[PDB]
Number of protein chains: 2
Amino acid sequence: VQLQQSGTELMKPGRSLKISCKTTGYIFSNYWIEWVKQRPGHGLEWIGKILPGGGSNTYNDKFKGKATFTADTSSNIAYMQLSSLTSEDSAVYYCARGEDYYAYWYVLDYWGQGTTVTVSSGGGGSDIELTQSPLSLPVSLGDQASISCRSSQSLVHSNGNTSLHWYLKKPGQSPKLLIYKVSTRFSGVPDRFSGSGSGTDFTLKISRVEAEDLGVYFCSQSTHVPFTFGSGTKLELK
Amino acid sequence: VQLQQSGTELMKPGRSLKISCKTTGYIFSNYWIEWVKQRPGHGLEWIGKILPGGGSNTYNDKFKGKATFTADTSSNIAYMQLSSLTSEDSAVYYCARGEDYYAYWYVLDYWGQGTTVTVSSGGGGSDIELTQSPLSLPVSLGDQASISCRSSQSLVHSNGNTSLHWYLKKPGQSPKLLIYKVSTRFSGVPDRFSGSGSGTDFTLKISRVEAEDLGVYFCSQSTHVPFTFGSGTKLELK
């Protein structure tokens, strides 16, 4: 058995494509053809499966809405369609002969050579990375707490402002701005919130920690495009 | 200023959905409306932004193909449309009033309350977790190495088989099946590859490691649906 797959496809975000998988050497509708995804720096994922002719399809939940399988039992070519492509769909997809109709033998033994799909979203080209520390800040109500945010590049704009801001995200509530453009404190914020910094180094300081201050904090930047957030810092109680 | 969004949405995978953002209190066209995703257990992400009137646009590369922006210069409502939904779309989305037309102010200050989008991808029970051990395995060609794979549930099917297989993944090559249903060597794999296990504990042994064996090793199951893969173990030379 041989499984032939289409060549690589450089796609446009939002496009959709149908990769084929031409099987030979065996009776095509006696076995399911299964598809596996492989993202760079990631493992191997199982998308789902199609039983040619036999009308039977099964999808990995995670790929439902994204993967749609069909099969031409005349040419013995199986196809998987990827709709509304985004950069995360950039991967190497494979078809493998897998389970067999009656359901005893189920191993993905024969593999296609794989199809490299690259979505041209410009995959996060030169995004500014904001490095927060600690990622966890356990404290005791009353303590002072500082959170650091380091950026890959200077957040100093030509125009003179430094667009680094800080948010407090509490579950069930939208991000609550606190300090914008480094130290300028947003309106309605208690004065226990301070912020200062320069270039790449910025700091958030809460003079005395209160119950209501507990949650995750994110620093942000609007100097370069795109606008990026930091990973977060869960200020928690000890 | 008030930014008010549409209510919680329970969607089918594949569904498409547009959520609105009714702004008030300010001149709708002086500021850009910017979008933010907040996925459960994840930090905050920036989807992009729209400038009402000209409809000028800016997407985070990652969201191109998923997010589509529009703006009603007459009703003063901003809209966001998410194409062919998959469960990674299950998150809370927010519209924030951000940058001004003149571009000297860029701060996400006023936030709509968030729209919770829940993509109904179902749930085929607790997917079988296959914990491999170790994750990295440095050796000397000639040494013997054994890799372990532990499943969350007994991989013993009622038909009596045990659907545990081991693959070898080498860059630029599809997975090379080595051992199936726990212990049978695949035609062609050299006999320095052996496999055994029972219930939830399984091991792959390579009596004498050759260069050609160096790569990443995945175990996988076909007993429980969905077929899962283990996270991998990198056999690397010392």
Side-chain angles (χ1 to χ4, degrees), chain A residues 13-14 62 65-66 84 86-88 121 124 127 165 167-177 215-216 218 220 222 226-232, chain B residues 1-24 28 31-52 55 57-72 75-99 107-121:
Chain A
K62 152 166 178 172
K66 165 64 47 161
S84 275
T86 74
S87 55
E88 306 265 284
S121 69
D127 288 7
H165 330 92
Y167 297 85
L168 164 46
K169 223 309 185 174
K170 283 149 67 62
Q173 294 169 37
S174 33
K176 294 150 232 51
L177 182 60
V216 184
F218 293 86
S220 35
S222 309
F227 172 117
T228 68
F229 282 97
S231 32
Chain B
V1 347
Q2 180 184 354
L3 289 187
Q4 192 166 254
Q5 304 176 241
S6 40
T8 130
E9 292 291 345
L10 318 166
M11 303 300 91
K12 293 308 156 246
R15 193 70 290 277
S16 188
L17 130 152
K18 170 183 312 202
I19 40 193
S20 56
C21 182
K22 216 215 169 305
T23 75
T24 66
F28 189 66
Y31 303 102
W32 288 71
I33 288 298
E34 332 205 348
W35 305 83
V36 167
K37 184 179 189 195
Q38 215 281 326
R39 203 161 147 198
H42 296 57
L44 289 173
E45 280 158 292
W46 181 87
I47 309 184
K49 58 201 296 171
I50 195 182
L51 183 47
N57 251 316
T58 286
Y59 294 96
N60 158 355
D61 295 342
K62 163 187 189 149
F63 289 87
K64 289 173 182 179
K66 166 58 38 148
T68 279
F69 299 144
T70 52
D72 198 328
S75 66
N76 296 260
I77 301 184
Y79 295 97
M80 204 216 351
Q81 188 183 265
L82 319 153
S83 64
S84 318
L85 296 171
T86 78
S87 65
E88 308 252 303
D89 300 334
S90 299
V92 161
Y93 298 80
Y94 303 98
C95 57
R97 191 245 272 163
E99 192 177 28
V107 177
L108 306 198
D109 41 19
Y110 298 96
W111 289 71
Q113 22 54 117
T115 295
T116 291
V117 181
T118 284
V119 177
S120 61
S121 299

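We name chains A, B, ... by the order of the sequence lines, and we start the count at 1 in each one. Just so it is clear, the values below take in all heavy atoms, side chains as well, and ignore hydrogens, waters and symmetry mates.
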Any sub-3.5 Å donor-acceptor pair from [X]'s side-chain atoms to [Y]'s backbone N or O?
| X | Y | answer |
| --- | --- | --- |
| B:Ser16 | B:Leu82 | yes |
| A:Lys176 | A:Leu168 | yes |
| B:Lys64 | A:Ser121 | yes |
| B:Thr115 | B:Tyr93 | no |
| B:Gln5 | B:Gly114 | yes |
| B:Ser83 | B:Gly65 | yes |
| B:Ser84 | B:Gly14 | no |

Aromatic contact, B:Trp32 with A:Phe227 (centres under 6.0 Å): no

Grab the two heavy atoms, one from [X] and one from [Y], that are nearest each other, plus how far apart they are.
| X | Y | answer |
| --- | --- | --- |
| B:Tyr94 | B:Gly112 | CD2-O, 3.7 Å |
| A:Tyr167 | B:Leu108 | OH-O, 3.0 Å |
| B:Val119 | B:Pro13 | CG1-CG, 3.7 Å |
| A:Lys66 | A:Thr86 | NZ-N, 4.5 Å |
| B:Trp35 | B:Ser20 | CH2-C, 4.2 Å |
| A:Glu88 | B:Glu88 | OE1-OE1, 4.5 Å |

[X] versus [Y]: any side-chain heavy-atom pair under 4.5 Å?
| X | Y | value |
| --- | --- | --- |
| B:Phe28 | B:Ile33 | yes |
| B:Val36 | A:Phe229 | yes |
| B:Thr24 | B:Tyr110 | no |
| B:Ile47 | B:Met80 | yes |

Residues A:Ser222, A:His165; criterion side-chain contact (heavy atoms from CB on, under 4.5 Å); working and verdict: CA-CA 9 Å; A:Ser222 309; A:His165 330 92; 2.9 Å; yes

Aromatic ring pairing B:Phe69/B:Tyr59, orientation class (parallel under 30°, perpendicular over 60°, tilted between):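 Because their plane-to-plane angle is under 30°, the rings of B:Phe69 and B:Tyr59 count as parallel.
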
SB check B:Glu45 B:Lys62 (cutoff 4.0 Å): yes

Calculate, to the nearest 0.5 Å, the distance between atoms [atom1] and [atom2] belonging to [X] and [Y] respectively.
| X | Y | atom1 | atom2 | answer |
| --- | --- | --- | --- | --- |
| B:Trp46 | B:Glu34 | CH2 | CD | 6.0 Å |
| B:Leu17 | B:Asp89 | CG | CG | 9.0 Å |
| B:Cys21 | B:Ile50 | SG | CD1 | 11.0 Å |
| A:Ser231 | B:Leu44 | OG | CG | 11.0 Å |
| B:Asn60 | B:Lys49 | CG | NZ | 12.5 Å |
| B:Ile77 | B:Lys22 | CD1 | NZ | 5.0 Å |

Test side-chain contact (heavy atoms from CB on, under 4.5 Å) applied to B:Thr23 and B:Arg97, step by step: CA-CA 8 Å; B:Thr23 75; B:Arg97 191 245 272 163; over 6 Å; no

